[PDB]
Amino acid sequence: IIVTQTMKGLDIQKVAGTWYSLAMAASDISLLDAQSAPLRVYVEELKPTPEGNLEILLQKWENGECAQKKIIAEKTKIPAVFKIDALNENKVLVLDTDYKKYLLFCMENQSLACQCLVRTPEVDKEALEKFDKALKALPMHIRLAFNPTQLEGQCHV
């Protein structure tokens, strides 16, 4: 465990819909540095399922182009923690959300990336303040923030 902060009383159905990745931070620079870095992922829409699993729609820069991706995160016994299947066991945690404006999450596993999601392409200084407070507890070495023009573009260009 590195991330311990979780949303109390999370109702996953209420995170459905569109989101923007306003800012991102990660434990290691290589996770976010280039446009093609592995965790440089731009979240577009969250689609929880009736059983309370979570489909995640996002964009990622791969092979010189902006690709659409669709991921499923399986629920656990903890409502704020989900699991993605891979060669390694990857954990997704919801740290905090008010449903209507911002959502903070982290993905982990020793290594870690977190984002501040917002509902609209605006610089929400209070959401970023809450993101930065949550990151105080974590060993981050790279932090990115994006402007409204980028959020409204493709793969944040």
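Position 1 is the first residue in the sequence shown; the rest follow in order.
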For this session: If the chain runs straight from residue 109 to residue 110, say none; otherwise bin the unmodelled deposited residues as 1 to 3, 4 to 9, or 10 or more.
Result: 4 to 9
Exercise. Comparing 113-121 with 48-56, which has the greater mean CA B-factor as deposited?
Worked result: 48-56
Problem set entry | Per the entry, higher mean C-alpha B factor between 143-151 and 5-13 | 5-13
Exercise. Between 62, 28, 132, 96, which one tops the list for C-alpha B-factor in the PDB entry?
Worked result: 62
Exercise. What's the residue among 39, 67, 103, 92 with the greatest CA temperature factor in the PDB record?
Worked result: 67
Seminar exercise, completed: Entry-reported C-alpha B-factor of residue 43 relative to its chain, by third, is lowest
Exercise. Mind checking which third residue 23 falls in for C-alpha B-factor across the chain?
Worked result: lowest
For this session: Could you look up the Cα B-factor of residue 87 in the entry and say which third of the chain it sits in: lowest, middle or highest?
Result: highest
Exercise. By the record's CA B-factor, is residue 78 among the lowest, middle or highest third of residues in the chain?
Worked result: middle
